[PDB]
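First structure 1, then structure 2: two forms of the same chain, each alone, as structure tokens.
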Structure 1
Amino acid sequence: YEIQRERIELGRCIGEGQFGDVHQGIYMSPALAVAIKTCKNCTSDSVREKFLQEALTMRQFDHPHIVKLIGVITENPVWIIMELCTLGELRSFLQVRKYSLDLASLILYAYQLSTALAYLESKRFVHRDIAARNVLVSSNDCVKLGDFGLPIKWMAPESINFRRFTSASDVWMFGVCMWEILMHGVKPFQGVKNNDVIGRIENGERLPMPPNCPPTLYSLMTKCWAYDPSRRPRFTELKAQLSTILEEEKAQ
């Protein structure tokens, strides 16, 4: 896990994080383009602990659609080395590339995320924050699930009401994330108060069917939004049905 500083060449700043700047760079073991998370106040054991907790958590996972931890440099200045997702945040990608993106690409992103989530569920790991803002774009045909973070408008009723986060609450959030992708990065319940969401969910109200979303895909989203968590499908079901929906779109 520990990387020698020499094997890392530091490039341009690609944005800011909670503890410091995020830079892009290259790592040689062949030759990989990487993301480098820095930490300004990591001389403080307290700040170093919180900063390096990200590496501790990410180490256990290995999936093609989950952001990969390359390693860590624990000597000061402490850095976290991540796999680089060059096309950045999914929300901006979808907004910018809206008229360059076909339905088949949007379903591909939803499918790839369901495979990432089926893997997390296979490990008995609950993400707790599934939203398009936590997805990065590696390439035009490739998205990765991460965690860069209350998101009431994405949350299952039991998470709102009782702070209950389970595999079933993850499925609810995934349905909202799927709606965001097909809405090209448009946020759910726009111009609606976080207190007005709770009331609408209880009454039976759900996010409307996105324009040009196949009705089969929308039927899948509504299954994720079953009020009763025990009636929600699991990610193995979602992965299989998204695969079928993807082939129906690829075979026009």
Structure 2
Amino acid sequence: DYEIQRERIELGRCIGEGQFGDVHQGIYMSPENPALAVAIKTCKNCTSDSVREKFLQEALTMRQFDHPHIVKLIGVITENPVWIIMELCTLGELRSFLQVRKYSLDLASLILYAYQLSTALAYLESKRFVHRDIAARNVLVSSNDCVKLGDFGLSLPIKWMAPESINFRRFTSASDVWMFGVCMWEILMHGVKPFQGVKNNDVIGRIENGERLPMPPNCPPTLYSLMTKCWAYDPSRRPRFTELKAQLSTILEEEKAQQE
């Protein structure tokens, strides 16, 4: 149902480098309809079945999900060169998009990106799916008003991880919230990395002493308080995505009214 014939795909520009291979933009075309822009994840060592299985695992996972703010799987070509065909988010990785548009993107748009990701994550939470790596690097940009979660198949990211994940390797719905807190901070920091210039081991000890990422310049205090809740040391004290979504919706409306 998801297998694609590769003569229906034409590779275009290399739009990024992935863990397994280059990612290319391109087009999927079937006789009647668009003109579907697509991303094509390639896998250079795919002939090794060990890497192929780990490569296609992303597509298998993405397949379970159907949400406006989660990257859609379009198909796979499972003959090597093994390719994963997915929805093209033309504007690319969120981080870079934020760094480049540092002084052209309103606060309203930043919170909207936070909000849109809280809807994707509420949805994943509803399916009891634990993502494990919520980070700006894992968000793709569809339009200036649309952001999408993209990272399945995964990986060390100590500065994004909940204490219990670093320490005990425990990955839960509550740890995803911790990471979403950090992702929100990254967005408000215009794609700046957390704890930059601090050793991973120093972050660990700081966190345990009550220390947290500072309030971003121009961050609403209401939004920083929300981030602070995501970073409760005790995972059980962390909010869930239903509450984060509702509160981001409310923070968003008030920023829109803050200039009218």
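For residue numbers, the reference is structure 1: its sequence is counted from 1. The term rigid core refers to the most C-alpha atoms you can superpose between the two forms while keeping them within 1.5 Å.
Superposing the rigid core between structure 1 and structure 2 leaves a single residue from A226, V47, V192, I198 with a C-alpha shift of at least 2 Å: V47.
Core-superposed comparison between structure 1 and structure 2: CA of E247 displaced by less than 2 Å. Relative to the superposed core, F19 undergoes a Cα shift of 2 Å or more between structure 1 and structure 2. In the core-superposed comparison between structure 1 and structure 2, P77 has its Cα shifted by at least 2 Å. Relative displacement of the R7 Cα between structure 1 and structure 2 on rigid core alignment is 4.1 Å. Taking the core as the reference frame, the CA atom of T38 shifts 2.8 angstrom between structure 1 and structure 2. For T57, the Cα deviation between structure 1 and structure 2 after core superposition amounts to 1.2 Å.
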